[PDB]
$ cat start-v1.pdb   # PDB, C-alpha atoms and all ligand atoms
ATOM      1  CA  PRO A   1       6.573 -24.273  -4.773  1.00  0.00           C
ATOM      2  CA  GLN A   2       4.187 -21.447  -5.498  1.00  0.00           C
ATOM      3  CA  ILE A   3       4.175 -18.810  -2.791  1.00  0.00           C
ATOM      4  CA  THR A   4       1.523 -16.129  -2.396  1.00  0.00           C
ATOM      5  CA  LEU A   5       2.405 -12.793  -0.821  1.00  0.00           C
ATOM      6  CA  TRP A   6      -0.385 -12.432   1.753  1.00  0.00           C
ATOM      7  CA  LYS A   7       2.197 -13.345   4.417  1.00  0.00           C
ATOM      8  CA  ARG A   8       5.934 -12.646   4.440  1.00  0.00           C
ATOM      9  CA  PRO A   9       7.664 -15.166   2.071  1.00  0.00           C
ATOM     10  CA  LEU A  10       9.771 -16.780   4.808  1.00  0.00           C
ATOM     11  CA  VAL A  11      11.349 -20.128   3.959  1.00  0.00           C
ATOM     12  CA  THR A  12      13.576 -22.430   5.954  1.00  0.00           C
ATOM     13  CA  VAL A  13      17.196 -22.520   4.801  1.00  0.00           C
ATOM     14  CA  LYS A  14      20.143 -24.730   5.709  1.00  0.00           C
ATOM     15  CA  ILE A  15      23.423 -22.810   5.678  1.00  0.00           C
ATOM     16  CA  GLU A  16      26.680 -24.051   7.246  1.00  0.00           C
ATOM     17  CA  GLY A  17      24.754 -26.813   8.970  1.00  0.00           C
ATOM     18  CA  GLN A  18      22.490 -24.197  10.603  1.00  0.00           C
ATOM     19  CA  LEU A  19      18.726 -23.906  10.146  1.00  0.00           C
ATOM     20  CA  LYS A  20      17.492 -20.369   9.550  1.00  0.00           C
ATOM     21  CA  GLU A  21      14.419 -18.670   8.204  1.00  0.00           C
ATOM     22  CA  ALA A  22      14.936 -16.090   5.498  1.00  0.00           C
ATOM     23  CA  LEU A  23      12.869 -13.773   3.320  1.00  0.00           C
ATOM     24  CA  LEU A  24      12.669 -14.430  -0.412  1.00  0.00           C
ATOM     25  CA  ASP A  25      13.323 -10.788  -1.227  1.00  0.00           C
ATOM     26  CA  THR A  26      13.030  -9.709  -4.871  1.00  0.00           C
ATOM     27  CA  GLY A  27      13.960  -6.186  -3.812  1.00  0.00           C
ATOM     28  CA  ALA A  28      17.379  -7.319  -2.571  1.00  0.00           C
ATOM     29  CA  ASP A  29      20.242  -7.672  -5.055  1.00  0.00           C
ATOM     30  CA  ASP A  30      22.342  -9.718  -2.605  1.00  0.00           C
ATOM     31  CA  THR A  31      21.814 -12.145   0.282  1.00  0.00           C
ATOM     32  CA  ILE A  32      22.417 -11.126   3.880  1.00  0.00           C
ATOM     33  CA  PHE A  33      22.208 -12.934   7.181  1.00  0.00           C
ATOM     34  CA  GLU A  34      22.394 -12.231  10.890  1.00  0.00           C
ATOM     35  CA  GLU A  35      25.746 -12.668  12.633  1.00  0.00           C
ATOM     36  CA  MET A  36      27.089 -16.188  12.121  1.00  0.00           C
ATOM     37  CA  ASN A  37      30.252 -18.102  11.282  1.00  0.00           C
ATOM     38  CA  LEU A  38      30.978 -18.849   7.634  1.00  0.00           C
ATOM     39  CA  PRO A  39      33.992 -20.392   5.882  1.00  0.00           C
ATOM     40  CA  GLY A  40      36.605 -18.758   3.700  1.00  0.00           C
ATOM     41  CA  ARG A  41      38.079 -15.318   3.327  1.00  0.00           C
ATOM     42  CA  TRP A  42      35.845 -12.279   3.687  1.00  0.00           C
ATOM     43  CA  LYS A  43      36.067  -8.564   3.072  1.00  0.00           C
ATOM     44  CA  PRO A  44      34.326  -5.731   4.957  1.00  0.00           C
ATOM     45  CA  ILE A  45      31.827  -3.857   2.805  1.00  0.00           C
ATOM     46  CA  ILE A  46      28.883  -1.526   3.322  1.00  0.00           C
ATOM     47  CA  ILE A  47      25.390  -2.048   1.943  1.00  0.00           C
ATOM     48  CA  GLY A  48      22.498   0.370   2.158  1.00  0.00           C
ATOM     49  CA  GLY A  49      18.746   0.418   1.917  1.00  0.00           C
ATOM     50  CA  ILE A  50      15.810   2.343   3.342  1.00  0.00           C
ATOM     51  CA  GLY A  51      17.053   4.590   6.135  1.00  0.00           C
ATOM     52  CA  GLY A  52      20.813   4.137   5.894  1.00  0.00           C
ATOM     53  CA  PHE A  53      23.778   1.821   5.482  1.00  0.00           C
ATOM     54  CA  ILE A  54      25.240  -1.021   7.535  1.00  0.00           C
ATOM     55  CA  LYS A  55      28.648  -2.662   7.769  1.00  0.00           C
ATOM     56  CA  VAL A  56      28.727  -6.355   6.833  1.00  0.00           C
ATOM     57  CA  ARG A  57      31.204  -9.102   5.955  1.00  0.00           C
ATOM     58  CA  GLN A  58      31.080 -10.379   2.373  1.00  0.00           C
ATOM     59  CA  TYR A  59      31.636 -14.133   2.026  1.00  0.00           C
ATOM     60  CA  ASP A  60      31.924 -15.602  -1.449  1.00  0.00           C
ATOM     61  CA  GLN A  61      30.792 -18.958  -2.821  1.00  0.00           C
ATOM     62  CA  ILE A  62      28.667 -19.907   0.202  1.00  0.00           C
ATOM     63  CA  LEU A  63      26.238 -22.828  -0.050  1.00  0.00           C
ATOM     64  CA  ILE A  64      22.619 -22.518   1.029  1.00  0.00           C
ATOM     65  CA  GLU A  65      19.795 -25.019   0.654  1.00  0.00           C
ATOM     66  CA  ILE A  66      16.686 -22.864   0.233  1.00  0.00           C
ATOM     67  CA  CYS A  67      13.417 -24.764   0.781  1.00  0.00           C
ATOM     68  CA  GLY A  68      15.145 -27.901  -0.533  1.00  0.00           C
ATOM     69  CA  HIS A  69      17.008 -26.252  -3.434  1.00  0.00           C
ATOM     70  CA  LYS A  70      20.779 -25.799  -3.477  1.00  0.00           C
ATOM     71  CA  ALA A  71      22.527 -22.554  -4.427  1.00  0.00           C
ATOM     72  CA  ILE A  72      26.078 -21.182  -4.122  1.00  0.00           C
ATOM     73  CA  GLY A  73      26.880 -17.488  -4.054  1.00  0.00           C
ATOM     74  CA  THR A  74      27.838 -14.445  -2.047  1.00  0.00           C
ATOM     75  CA  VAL A  75      26.378 -14.110   1.438  1.00  0.00           C
ATOM     76  CA  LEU A  76      26.766 -10.953   3.514  1.00  0.00           C
ATOM     77  CA  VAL A  77      26.808 -11.102   7.314  1.00  0.00           C
ATOM     78  CA  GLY A  78      25.796  -8.230   9.539  1.00  0.00           C
ATOM     79  CA  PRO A  79      23.143  -6.415  11.554  1.00  0.00           C
ATOM     80  CA  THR A  80      20.196  -7.012   9.292  1.00  0.00           C
ATOM     81  CA  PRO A  81      16.741  -7.113  10.921  1.00  0.00           C
ATOM     82  CA  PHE A  82      15.908 -10.158   8.781  1.00  0.00           C
ATOM     83  CA  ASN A  83      17.772 -12.783   6.848  1.00  0.00           C
ATOM     84  CA  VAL A  84      16.962 -12.095   3.192  1.00  0.00           C
ATOM     85  CA  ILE A  85      17.634 -14.254   0.141  1.00  0.00           C
ATOM     86  CA  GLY A  86      18.435 -11.764  -2.608  1.00  0.00           C
ATOM     87  CA  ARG A  87      18.478 -11.982  -6.373  1.00  0.00           C
ATOM     88  CA  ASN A  88      22.067 -13.243  -6.455  1.00  0.00           C
ATOM     89  CA  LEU A  89      20.748 -16.526  -5.032  1.00  0.00           C
ATOM     90  CA  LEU A  90      17.083 -16.393  -6.109  1.00  0.00           C
ATOM     91  CA  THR A  91      18.191 -16.714  -9.737  1.00  0.00           C
ATOM     92  CA  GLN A  92      20.151 -19.886  -8.965  1.00  0.00           C
ATOM     93  CA  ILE A  93      16.985 -21.697  -7.844  1.00  0.00           C
ATOM     94  CA  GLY A  94      15.217 -20.247 -10.875  1.00  0.00           C
ATOM     95  CA  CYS A  95      12.816 -18.134  -8.840  1.00  0.00           C
ATOM     96  CA  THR A  96      10.381 -15.933 -10.760  1.00  0.00           C
ATOM     97  CA  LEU A  97       7.554 -13.478 -10.156  1.00  0.00           C
ATOM     98  CA  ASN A  98       4.286 -14.177 -11.963  1.00  0.00           C
ATOM     99  CA  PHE A  99       1.030 -12.265 -12.305  1.00  0.00           C
TER     100      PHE A  99
ATOM    101  CA  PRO B   1       3.850 -11.861 -17.162  1.00  0.00           C
ATOM    102  CA  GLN B   2       6.599 -14.103 -15.823  1.00  0.00           C
ATOM    103  CA  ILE B   3       9.538 -12.118 -14.458  1.00  0.00           C
ATOM    104  CA  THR B   4      12.998 -13.584 -13.877  1.00  0.00           C
ATOM    105  CA  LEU B   5      15.360 -12.120 -11.293  1.00  0.00           C
ATOM    106  CA  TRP B   6      18.638 -11.789 -13.230  1.00  0.00           C
ATOM    107  CA  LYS B   7      17.929  -8.034 -13.396  1.00  0.00           C
ATOM    108  CA  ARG B   8      16.054  -5.805 -10.950  1.00  0.00           C
ATOM    109  CA  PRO B   9      12.257  -6.406 -11.193  1.00  0.00           C
ATOM    110  CA  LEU B  10      11.352  -2.877 -12.256  1.00  0.00           C
ATOM    111  CA  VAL B  11       8.006  -2.188 -13.895  1.00  0.00           C
ATOM    112  CA  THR B  12       6.345   0.910 -15.276  1.00  0.00           C
ATOM    113  CA  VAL B  13       3.585   2.247 -13.026  1.00  0.00           C
ATOM    114  CA  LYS B  14       0.916   4.900 -13.501  1.00  0.00           C
ATOM    115  CA  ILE B  15      -0.109   6.599 -10.250  1.00  0.00           C
ATOM    116  CA  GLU B  16      -2.065   9.876 -10.053  1.00  0.00           C
ATOM    117  CA  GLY B  17      -1.477  10.578 -13.737  1.00  0.00           C
ATOM    118  CA  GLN B  18       2.293  10.176 -13.251  1.00  0.00           C
ATOM    119  CA  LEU B  19       4.463   7.485 -14.832  1.00  0.00           C
ATOM    120  CA  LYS B  20       7.120   5.875 -12.644  1.00  0.00           C
ATOM    121  CA  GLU B  21       9.205   2.730 -12.446  1.00  0.00           C
ATOM    122  CA  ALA B  22       8.913   0.748  -9.249  1.00  0.00           C
ATOM    123  CA  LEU B  23      10.551  -2.338  -7.793  1.00  0.00           C
ATOM    124  CA  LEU B  24       8.382  -5.413  -7.378  1.00  0.00           C
ATOM    125  CA  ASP B  25       9.617  -6.045  -3.860  1.00  0.00           C
ATOM    126  CA  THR B  26       8.516  -9.212  -2.075  1.00  0.00           C
ATOM    127  CA  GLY B  27      10.532  -8.192   0.996  1.00  0.00           C
ATOM    128  CA  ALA B  28       8.562  -4.955   1.412  1.00  0.00           C
ATOM    129  CA  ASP B  29       5.402  -5.241   3.518  1.00  0.00           C
ATOM    130  CA  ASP B  30       4.293  -1.793   2.299  1.00  0.00           C
ATOM    131  CA  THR B  31       4.553   0.329  -0.857  1.00  0.00           C
ATOM    132  CA  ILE B  32       6.612   3.535  -0.789  1.00  0.00           C
ATOM    133  CA  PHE B  33       7.337   6.123  -3.482  1.00  0.00           C
ATOM    134  CA  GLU B  34       9.689   9.089  -3.648  1.00  0.00           C
ATOM    135  CA  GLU B  35       8.288  12.567  -3.009  1.00  0.00           C
ATOM    136  CA  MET B  36       5.007  13.272  -4.832  1.00  0.00           C
ATOM    137  CA  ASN B  37       1.553  14.644  -4.092  1.00  0.00           C
ATOM    138  CA  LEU B  38      -1.443  12.360  -3.697  1.00  0.00           C
ATOM    139  CA  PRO B  39      -5.162  12.669  -2.961  1.00  0.00           C
ATOM    140  CA  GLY B  40      -6.711  12.320   0.460  1.00  0.00           C
ATOM    141  CA  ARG B  41      -5.576  12.966   3.995  1.00  0.00           C
ATOM    142  CA  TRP B  42      -2.275  11.576   5.232  1.00  0.00           C
ATOM    143  CA  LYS B  43      -0.797  10.572   8.587  1.00  0.00           C
ATOM    144  CA  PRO B  44       2.953  10.691   9.340  1.00  0.00           C
ATOM    145  CA  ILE B  45       4.521   7.309  10.110  1.00  0.00           C
ATOM    146  CA  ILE B  46       7.977   5.787  10.464  1.00  0.00           C
ATOM    147  CA  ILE B  47       9.254   2.819   8.474  1.00  0.00           C
ATOM    148  CA  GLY B  48      12.471   0.893   9.040  1.00  0.00           C
ATOM    149  CA  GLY B  49      14.774  -0.834   6.598  1.00  0.00           C
ATOM    150  CA  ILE B  50      18.133  -2.622   6.663  1.00  0.00           C
ATOM    151  CA  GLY B  51      20.161   0.181   8.205  1.00  0.00           C
ATOM    152  CA  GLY B  52      17.744   2.727   9.644  1.00  0.00           C
ATOM    153  CA  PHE B  53      14.355   4.398   9.431  1.00  0.00           C
ATOM    154  CA  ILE B  54      12.675   7.234   7.551  1.00  0.00           C
ATOM    155  CA  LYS B  55       9.765   9.605   8.099  1.00  0.00           C
ATOM    156  CA  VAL B  56       7.075   9.066   5.463  1.00  0.00           C
ATOM    157  CA  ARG B  57       3.539  10.277   4.797  1.00  0.00           C
ATOM    158  CA  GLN B  58       0.886   7.549   4.688  1.00  0.00           C
ATOM    159  CA  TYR B  59      -1.930   7.692   2.122  1.00  0.00           C
ATOM    160  CA  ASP B  60      -4.764   5.167   1.975  1.00  0.00           C
ATOM    161  CA  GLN B  61      -6.913   4.012  -0.944  1.00  0.00           C
ATOM    162  CA  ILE B  62      -4.439   5.173  -3.611  1.00  0.00           C
ATOM    163  CA  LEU B  63      -4.910   3.880  -7.151  1.00  0.00           C
ATOM    164  CA  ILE B  64      -1.838   2.355  -8.759  1.00  0.00           C
ATOM    165  CA  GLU B  65      -1.773   0.804 -12.239  1.00  0.00           C
ATOM    166  CA  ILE B  66       1.153  -1.617 -12.241  1.00  0.00           C
ATOM    167  CA  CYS B  67       2.231  -3.080 -15.594  1.00  0.00           C
ATOM    168  CA  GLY B  68      -1.394  -2.830 -16.795  1.00  0.00           C
ATOM    169  CA  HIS B  69      -2.943  -4.310 -13.623  1.00  0.00           C
ATOM    170  CA  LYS B  70      -4.930  -2.094 -11.258  1.00  0.00           C
ATOM    171  CA  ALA B  71      -4.749  -1.991  -7.461  1.00  0.00           C
ATOM    172  CA  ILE B  72      -5.872   0.300  -4.617  1.00  0.00           C
ATOM    173  CA  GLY B  73      -4.211   0.498  -1.241  1.00  0.00           C
ATOM    174  CA  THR B  74      -1.814   2.227   1.072  1.00  0.00           C
ATOM    175  CA  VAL B  75       1.034   4.181  -0.509  1.00  0.00           C
ATOM    176  CA  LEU B  76       3.739   5.805   1.622  1.00  0.00           C
ATOM    177  CA  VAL B  77       5.672   8.839   0.366  1.00  0.00           C
ATOM    178  CA  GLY B  78       9.152   9.630   1.597  1.00  0.00           C
ATOM    179  CA  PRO B  79      12.869   9.773   0.827  1.00  0.00           C
ATOM    180  CA  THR B  80      13.167   6.214  -0.422  1.00  0.00           C
ATOM    181  CA  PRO B  81      16.117   5.475  -2.747  1.00  0.00           C
ATOM    182  CA  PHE B  82      13.896   3.365  -5.038  1.00  0.00           C
ATOM    183  CA  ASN B  83      10.144   3.172  -5.497  1.00  0.00           C
ATOM    184  CA  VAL B  84       9.021  -0.229  -4.206  1.00  0.00           C
ATOM    185  CA  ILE B  85       5.719  -2.038  -4.669  1.00  0.00           C
ATOM    186  CA  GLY B  86       5.205  -4.017  -1.486  1.00  0.00           C
ATOM    187  CA  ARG B  87       3.068  -7.004  -0.685  1.00  0.00           C
ATOM    188  CA  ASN B  88       0.090  -4.825   0.211  1.00  0.00           C
ATOM    189  CA  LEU B  89      -0.284  -4.178  -3.514  1.00  0.00           C
ATOM    190  CA  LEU B  90       1.456  -7.238  -4.985  1.00  0.00           C
ATOM    191  CA  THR B  91      -1.300  -9.330  -3.395  1.00  0.00           C
ATOM    192  CA  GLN B  92      -3.896  -7.233  -5.244  1.00  0.00           C
ATOM    193  CA  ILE B  93      -2.549  -8.096  -8.711  1.00  0.00           C
ATOM    194  CA  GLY B  94      -2.203 -11.796  -7.801  1.00  0.00           C
ATOM    195  CA  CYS B  95       1.588 -11.812  -7.822  1.00  0.00           C
ATOM    196  CA  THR B  96       3.346 -15.003  -6.744  1.00  0.00           C
ATOM    197  CA  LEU B  97       6.877 -16.312  -6.318  1.00  0.00           C
ATOM    198  CA  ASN B  98       7.591 -19.516  -8.207  1.00  0.00           C
ATOM    199  CA  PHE B  99      10.626 -21.798  -8.212  1.00  0.00           C
TER     200      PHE B  99
HETATM  201  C1  LIG A 101      16.514  -0.435  -0.225  1.00  0.00           C
HETATM  202  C2  LIG A 101      15.448  -1.328  -0.933  1.00  0.00           C
HETATM  203  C3  LIG A 101      15.826  -1.680  -2.393  1.00  0.00           C
HETATM  204  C4  LIG A 101      14.983  -2.515  -0.068  1.00  0.00           C
HETATM  205  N1  LIG A 101      15.879  -3.685   0.224  1.00  0.00           N
HETATM  206  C5  LIG A 101      15.122  -5.037   0.190  1.00  0.00           C
HETATM  207  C6  LIG A 101      13.703  -4.981   0.875  1.00  0.00           C
HETATM  208  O1  LIG A 101      13.076  -6.192   0.654  1.00  0.00           O
HETATM  209  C7  LIG A 101      13.826  -4.686   2.392  1.00  0.00           C
HETATM  210  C8  LIG A 101      14.248  -5.945   3.161  1.00  0.00           C
HETATM  211  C9  LIG A 101      13.990  -5.757   4.650  1.00  0.00           C
HETATM  212  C10 LIG A 101      13.011  -6.537   5.312  1.00  0.00           C
HETATM  213  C11 LIG A 101      12.771  -6.354   6.680  1.00  0.00           C
HETATM  214  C12 LIG A 101      13.490  -5.408   7.381  1.00  0.00           C
HETATM  215  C13 LIG A 101      14.462  -4.630   6.724  1.00  0.00           C
HETATM  216  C14 LIG A 101      14.706  -4.817   5.351  1.00  0.00           C
HETATM  217  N2  LIG A 101      12.559  -4.222   2.964  1.00  0.00           N
HETATM  218  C15 LIG A 101      12.215  -2.813   3.256  1.00  0.00           C
HETATM  219  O2  LIG A 101      13.023  -1.936   3.383  1.00  0.00           O
HETATM  220  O3  LIG A 101      10.850  -2.571   3.393  1.00  0.00           O
HETATM  221  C16 LIG A 101      10.478  -1.533   4.281  1.00  0.00           C
HETATM  222  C17 LIG A 101       9.303  -0.673   3.495  1.00  0.00           C
HETATM  223  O4  LIG A 101       8.283  -1.536   3.486  1.00  0.00           O
HETATM  224  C18 LIG A 101       8.371  -2.223   4.908  1.00  0.00           C
HETATM  225  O5  LIG A 101       8.210  -3.465   4.840  1.00  0.00           O
HETATM  226  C19 LIG A 101       9.282  -4.126   5.866  1.00  0.00           C
HETATM  227  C20 LIG A 101      10.323  -3.319   5.910  1.00  0.00           C
HETATM  228  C21 LIG A 101       9.863  -1.984   5.385  1.00  0.00           C
HETATM  229  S1  LIG A 101      17.236  -3.714   1.338  1.00  0.00           S
HETATM  230  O6  LIG A 101      16.927  -4.514   2.506  1.00  0.00           O
HETATM  231  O7  LIG A 101      17.657  -2.443   1.970  1.00  0.00           O
HETATM  232  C22 LIG A 101      18.681  -4.549   0.575  1.00  0.00           C
HETATM  233  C23 LIG A 101      19.556  -3.872  -0.272  1.00  0.00           C
HETATM  234  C24 LIG A 101      20.625  -4.552  -0.812  1.00  0.00           C
HETATM  235  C25 LIG A 101      20.817  -5.884  -0.508  1.00  0.00           C
HETATM  236  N3  LIG A 101      21.972  -6.627  -1.083  1.00  0.00           N
HETATM  237  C26 LIG A 101      19.957  -6.547   0.344  1.00  0.00           C
HETATM  238  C27 LIG A 101      18.878  -5.860   0.885  1.00  0.00           C
END

$ encode --input "start-v1.pdb" --output "structure tokens"
Amino acid sequence: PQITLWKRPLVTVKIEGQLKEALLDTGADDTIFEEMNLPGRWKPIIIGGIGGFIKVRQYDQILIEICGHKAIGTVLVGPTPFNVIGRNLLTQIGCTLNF
Amino acid sequence: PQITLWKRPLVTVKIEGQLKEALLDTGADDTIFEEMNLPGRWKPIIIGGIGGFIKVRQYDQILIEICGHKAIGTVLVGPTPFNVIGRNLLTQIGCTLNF
């Protein structure tokens, strides 16, 4: 799908059987979600952005189906204001910017 | 141009005679640059990111020339870690996400 940027690029994702909306965020290197249960071993890390840094849990090789496209990669869990799909997963669905 | 997301989507920008690289950021509603001077009056505002908020100066009707495409709109100036071109200006160059 082609997506214009007049509104936030929020898509519906299926992750761990749960339905969530997330931002397709080209300014995010990695994917991060609100608090939720995910499988496998995790490690506490600390990501930062505009204004400061948060503590999250890094889960590896997590599956997400993003607007009907499947991707596997690292998903971080923690107090993010929005779920964001970052470049680590955007690449896997072959997402590009065009102008 | 078509831009893949394996690397950060940086582009060279010309703004008020200055050359800068800025992140094509589809998760940013607004455009913000590190400290610089700009024409016109400005109003202080607060913006919030993943882990906190920052005090920035808001400028309106600022000319930005992004990768050879021109746009005019709001530009915020504050202690951002990376210059980001938000949707308020991505929309003006006809930028779209495609996958
Ligand atoms: C620090 C920057 C490189 C921006 N980042 C991605 C960006 O899309 C965020 C993602 C984002 C989205 C909503 C809320 C917080 C963060 N948006 C953002 O900070 O924009 C703010 C300035 O313009 C305004 O527009 C909305 C928020 C304001 S980030 O969220 O901090 C980030 C950094 C690393 C990872 N792995 C994931 C996300």

$ residues_around --input "start-v1.pdb" --residues "residue 13 of chain A" --least-positions-apart "3" --cutoff "7 Å" --atoms "only C-alpha atoms" --output "tab-separated table (two decimals) with C-alpha atoms, in the frame of the given file"
chain	number	residue	atom	x	y	z
A	19	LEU	CA	18.73	-23.91	10.15
A	20	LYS	CA	17.49	-20.37	9.55
A	21	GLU	CA	14.42	-18.67	8.20
A	22	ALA	CA	14.94	-16.09	5.50
A	64	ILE	CA	22.62	-22.52	1.03
A	65	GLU	CA	19.80	-25.02	0.65
A	66	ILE	CA	16.69	-22.86	0.23
A	67	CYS	CA	13.42	-24.76	0.78

$ calpha_fit_and_write --input "start-v1.pdb" --fixed "chain A" --moving "chain B" --output "mmCIF file with C-alpha atoms, keeping the file's coordinate frame"
data_model
loop_
_atom_site.group_PDB
_atom_site.id
_atom_site.type_symbol
_atom_site.label_atom_id
_atom_site.label_comp_id
_atom_site.auth_asym_id
_atom_site.auth_seq_id
_atom_site.Cartn_x
_atom_site.Cartn_y
_atom_site.Cartn_z
ATOM 1 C CA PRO B 1 6.433 -24.304 -4.959
ATOM 2 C CA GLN B 2 4.123 -21.391 -5.702
ATOM 3 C CA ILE B 3 4.225 -18.742 -2.979
ATOM 4 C CA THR B 4 1.546 -16.085 -2.505
ATOM 5 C CA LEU B 5 2.329 -12.756 -0.861
ATOM 6 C CA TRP B 6 -0.487 -12.389 1.696
ATOM 7 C CA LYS B 7 2.093 -13.296 4.370
ATOM 8 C CA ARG B 8 5.843 -12.664 4.441
ATOM 9 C CA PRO B 9 7.674 -15.056 2.041
ATOM 10 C CA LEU B 10 9.771 -16.774 4.697
ATOM 11 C CA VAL B 11 11.364 -20.136 3.976
ATOM 12 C CA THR B 12 13.498 -22.517 5.985
ATOM 13 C CA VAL B 13 17.155 -22.483 4.938
ATOM 14 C CA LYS B 14 20.113 -24.697 5.795
ATOM 15 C CA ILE B 15 23.451 -22.867 5.651
ATOM 16 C CA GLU B 16 26.697 -24.179 7.181
ATOM 17 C CA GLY B 17 24.829 -26.840 9.140
ATOM 18 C CA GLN B 18 22.544 -24.176 10.654
ATOM 19 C CA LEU B 19 18.792 -23.898 10.113
ATOM 20 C CA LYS B 20 17.358 -20.420 9.576
ATOM 21 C CA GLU B 21 14.318 -18.729 8.101
ATOM 22 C CA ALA B 22 14.989 -16.160 5.420
ATOM 23 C CA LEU B 23 12.915 -13.734 3.386
ATOM 24 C CA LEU B 24 12.625 -14.401 -0.329
ATOM 25 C CA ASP B 25 13.336 -10.796 -1.227
ATOM 26 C CA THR B 26 13.057 -9.725 -4.860
ATOM 27 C CA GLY B 27 14.041 -6.170 -3.897
ATOM 28 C CA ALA B 28 17.387 -7.312 -2.470
ATOM 29 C CA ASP B 29 20.246 -7.478 -4.980
ATOM 30 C CA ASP B 30 22.337 -9.435 -2.450
ATOM 31 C CA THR B 31 21.790 -12.003 0.314
ATOM 32 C CA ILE B 32 22.477 -11.028 3.933
ATOM 33 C CA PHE B 33 22.166 -12.993 7.176
ATOM 34 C CA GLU B 34 22.410 -12.008 10.827
ATOM 35 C CA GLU B 35 25.669 -12.657 12.678
ATOM 36 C CA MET B 36 27.136 -16.128 12.058
ATOM 37 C CA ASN B 37 30.446 -17.716 11.122
ATOM 38 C CA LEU B 38 31.121 -18.964 7.609
ATOM 39 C CA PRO B 39 33.959 -20.613 5.686
ATOM 40 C CA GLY B 40 36.486 -18.765 3.583
ATOM 41 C CA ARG B 41 38.028 -15.327 3.648
ATOM 42 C CA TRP B 42 35.834 -12.248 3.905
ATOM 43 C CA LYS B 43 36.090 -8.595 2.887
ATOM 44 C CA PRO B 44 34.268 -5.778 4.727
ATOM 45 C CA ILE B 45 31.701 -3.914 2.623
ATOM 46 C CA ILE B 46 28.872 -1.436 3.117
ATOM 47 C CA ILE B 47 25.286 -1.989 2.007
ATOM 48 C CA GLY B 48 22.474 0.555 1.991
ATOM 49 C CA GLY B 49 18.763 0.133 2.544
ATOM 50 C CA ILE B 50 15.684 2.347 2.861
ATOM 51 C CA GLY B 51 16.922 4.520 5.706
ATOM 52 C CA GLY B 52 20.665 3.995 6.044
ATOM 53 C CA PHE B 53 23.615 1.656 5.662
ATOM 54 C CA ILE B 54 25.344 -1.111 7.600
ATOM 55 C CA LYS B 55 28.817 -2.624 7.803
ATOM 56 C CA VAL B 56 28.758 -6.277 6.741
ATOM 57 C CA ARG B 57 31.287 -9.022 6.048
ATOM 58 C CA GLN B 58 31.225 -10.427 2.511
ATOM 59 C CA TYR B 59 31.685 -14.163 1.906
ATOM 60 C CA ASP B 60 31.834 -15.726 -1.553
ATOM 61 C CA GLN B 61 30.930 -19.226 -2.739
ATOM 62 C CA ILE B 62 28.717 -19.998 0.276
ATOM 63 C CA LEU B 63 26.382 -22.985 0.044
ATOM 64 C CA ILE B 64 22.760 -22.303 0.915
ATOM 65 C CA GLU B 65 19.976 -24.899 0.741
ATOM 66 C CA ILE B 66 16.750 -22.936 0.345
ATOM 67 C CA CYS B 67 13.467 -24.838 0.735
ATOM 68 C CA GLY B 68 15.199 -27.973 -0.612
ATOM 69 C CA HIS B 69 16.922 -26.219 -3.545
ATOM 70 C CA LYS B 70 20.691 -25.717 -3.519
ATOM 71 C CA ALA B 71 22.628 -22.584 -4.466
ATOM 72 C CA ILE B 72 26.164 -21.194 -4.068
ATOM 73 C CA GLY B 73 27.035 -17.528 -4.037
ATOM 74 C CA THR B 74 27.812 -14.419 -2.084
ATOM 75 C CA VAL B 75 26.411 -14.176 1.438
ATOM 76 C CA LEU B 76 26.842 -11.020 3.524
ATOM 77 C CA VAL B 77 26.812 -11.162 7.331
ATOM 78 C CA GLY B 78 25.804 -8.186 9.425
ATOM 79 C CA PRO B 79 23.219 -6.608 11.718
ATOM 80 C CA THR B 80 20.265 -7.095 9.403
ATOM 81 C CA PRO B 81 16.810 -7.132 11.050
ATOM 82 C CA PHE B 82 15.710 -10.083 8.878
ATOM 83 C CA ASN B 83 17.644 -12.659 6.891
ATOM 84 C CA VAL B 84 16.980 -11.974 3.205
ATOM 85 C CA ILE B 85 17.675 -14.134 0.165
ATOM 86 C CA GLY B 86 18.477 -11.709 -2.626
ATOM 87 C CA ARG B 87 18.422 -12.057 -6.369
ATOM 88 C CA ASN B 88 22.004 -13.314 -6.458
ATOM 89 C CA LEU B 89 20.668 -16.573 -5.035
ATOM 90 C CA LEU B 90 17.016 -16.428 -6.129
ATOM 91 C CA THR B 91 18.284 -16.597 -9.716
ATOM 92 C CA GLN B 92 20.148 -19.813 -8.858
ATOM 93 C CA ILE B 93 16.999 -21.703 -7.813
ATOM 94 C CA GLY B 94 15.062 -20.422 -10.854
ATOM 95 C CA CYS B 95 12.729 -18.187 -8.871
ATOM 96 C CA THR B 96 10.322 -15.981 -10.814
ATOM 97 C CA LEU B 97 7.611 -13.421 -10.132
ATOM 98 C CA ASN B 98 4.281 -14.206 -11.755
ATOM 99 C CA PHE B 99 1.069 -12.193 -11.982
#

$ residues_around --input "start-v1.pdb" --residues "segment 1-12 of chain B" --least-positions-apart "4" --cutoff "10 Å" --atoms "only C-alpha atoms" --output "PyMOL selection string"
(chain A and resi 26-29+86-92+94-99) or (chain B and resi 19-25+65-68+82-85+95-98)

$ atom_distance --input "start-v1.pdb" --atom1 "atom CA of residue 57 of chain A" --atom2 "atom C10 of ligand LIG 101 (chain A)"
18.4 Å

$ atom_distance --input "start-v1.pdb" --atom1 "atom CA of residue 31 of chain A" --atom2 "atom CA of residue 33 of chain B"
23.6 Å

$ resolve_selection --input "start-v1.pdb" --expression "the PyMOL selection byres (((chain B and resi 43-49) around 10) and not hetatm)" --output "JSON, numbers by chain"
{"A": [48, 49, 50, 51, 52, 53, 80, 81, 82], "B": [28, 30, 32, 41, 42, 50, 51, 52, 53, 54, 55, 56, 57, 58, 59, 60, 76, 77, 78]}

$ axis_aligned_box --input "start-v1.pdb" --around "ligand LIG 101 (chain A)" --padding-each-side "6 Å" --output "lines of an AutoDock Vina configuration file"
center_x = 15.1
center_y = -3.5
center_z = 2.5
size_x = 25.8
size_y = 18.2
size_z = 21.8
